[PDB]
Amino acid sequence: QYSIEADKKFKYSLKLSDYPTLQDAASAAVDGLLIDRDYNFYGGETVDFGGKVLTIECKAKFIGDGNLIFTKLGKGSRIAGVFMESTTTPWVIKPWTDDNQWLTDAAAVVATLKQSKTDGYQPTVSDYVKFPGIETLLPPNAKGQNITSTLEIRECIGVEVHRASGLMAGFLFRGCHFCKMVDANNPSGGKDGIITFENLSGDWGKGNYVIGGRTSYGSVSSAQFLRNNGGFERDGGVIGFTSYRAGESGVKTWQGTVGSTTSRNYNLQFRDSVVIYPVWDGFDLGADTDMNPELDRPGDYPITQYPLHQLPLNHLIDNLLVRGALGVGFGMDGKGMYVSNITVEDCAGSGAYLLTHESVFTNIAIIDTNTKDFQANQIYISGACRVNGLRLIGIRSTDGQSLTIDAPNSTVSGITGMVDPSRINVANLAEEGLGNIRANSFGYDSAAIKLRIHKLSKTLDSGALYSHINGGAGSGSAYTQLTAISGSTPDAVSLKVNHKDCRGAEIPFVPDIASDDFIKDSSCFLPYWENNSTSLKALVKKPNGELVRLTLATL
């Protein structure tokens, strides 16, 4: 009698402590499943949840190298608090100092080696490129390691993993749809990506998100996607996420062919997220391979339809922050893209590397990047793009000859910052829509409005409008000067108004007999010097266009 009442009035949950294997618990579960004791799993251990909609509450660890594979969870299933930990304590490198300066010297990086499940990462082949010479210097026991404790959700729909954490930990959603990794509680990564949505088989992934939370370390990228397409609804991607110290990149959409098909991604959101101190890049949102690319795209659009780097990727990209990359802050490719509100600070390589065409970039800030001169420039754009608002330069100087922006096919407006103008290369730069203007000068005895024709010279101003103090401060007097370059000497030739408060115009004249072709316009005169009589002459182009030579000033 009581049993009838009790079966109706109490919440169903079983606990793993009461079962000899995880499958035994899974098979018996109805609603709740509590992980209340640490569970040692073998790599490839596979649990069949019978299509049941389960709420898996974790208050202990899953311990093992390799993958713990969950299958046949019903839509609406949730896994909370999971903690993955490897059995192996690998050798890790820590390529930064106790003052958070990046180490770049291979020998210094090797000297950091320790056995730990955190506070660094296992070297991989990409480290051989990142730290040149390290391949030879690393001891064999620190090369080729492959330690990750991975929770794999396999071929499920509508499963969410919440508040996950771990040590040498990874989370893989393989062949899943409408799944989410929510509020990741700072798992410390292993050899593989920390959060992966991989859909190389089956239908293109859709509805797969990283929402909130953060990760640390890992040998490769923190959050990554293969063969996902969010549809026009943009149903997938990364929102509200933080990546710290990825061994590769913070957020990565894969490029090129993986196995026999495309790993590329379309129609995802990348918004409201932060990547700090990646060893490679902050955001890597390209789809085509840059160096030595495939000649085809099996499973994707052919090269005949869209050239390399010109896929209609159509991601929704907004409100991203990157700081401290040892590689590139923000990288992408594609055609027809809109990108907005990107802030990149203090990166050793380019702040932005944009292999894009017919794309628009709005309100971009690239602040103290390429600080180790790893790339040619701070921001590169290959194709014919538009940039509307670009902040350049924080507090760092540049000693060498590298460009700040090289966007040779792009049209740009709204640069702010103490950029060295010789380090700008664009197709067209303009402020078409300014109002009435004032140039305010501080810390000088003059104010200047300068002109520079980059075709003539990228390094020398070709003319200027100046105002210069006469006397000293408080004099109530200045002179205005209109200048032109000659013989590569800026300001060589000039007209002045009010020099020494004289209230007159000082007019330059041709220092010898003027040639006919020196005068440009009709109804104008050009003064010139006749030294043989101590006279000024005037070459006059009359209103009718004919030339005459007159005497202008005499002894």
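When you see a residue number, it is the position in the sequence shown, counting from 1.
K.L.:
Taking the recorded C-alpha temperature factors, which stretch has the higher mean, 360-368 or 396-404?
P.N.:
Averaging CA B-factors over each stretch, the winner is 396-404.
K.L.:
Between 228-236 and 252-260, point out the one with the higher average CA B-factor as the PDB entry records it.
P.N.:
Per the PDB record, 252-260.
K.L.:
From the list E135, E431, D192, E152, select the residue with the highest C-alpha B factor recorded in the entry.
P.N.:
The record points to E135.
K.L.:
Tell me which of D318, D296, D119, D461 tops the list for C-alpha B factor in the record.
P.N.:
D296 has the highest C-alpha B-factor of those listed.
K.L.:
When the modelled residues of the chain are sorted by Cα temperature factor, does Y444 land in the lowest, middle or highest third?
P.N.:
Top third by C-alpha B-factor.
K.L.:
Quick one: classify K72 as lowest, middle or highest third of the chain based on its Cα B-factor.
P.N.:
For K72, the deposited C-alpha B-factor lands in the highest third.
K.L.:
Ranking every modelled residue in this chain by its Cα temperature factor as given in the entry, which third contains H177?
P.N.:
Lowest third.
K.L.:
Lowest, middle or highest third: which one holds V161 when the chain's residues are ordered by CA B-factor from the entry?
P.N.:
Bottom third by C-alpha B-factor.
K.L.:
Classify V412 as lowest, middle or highest third according to the C-alpha B-factor given in the PDB entry, relative to its own chain.
P.N.:
For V412, the deposited C-alpha B-factor lands in the lowest third.
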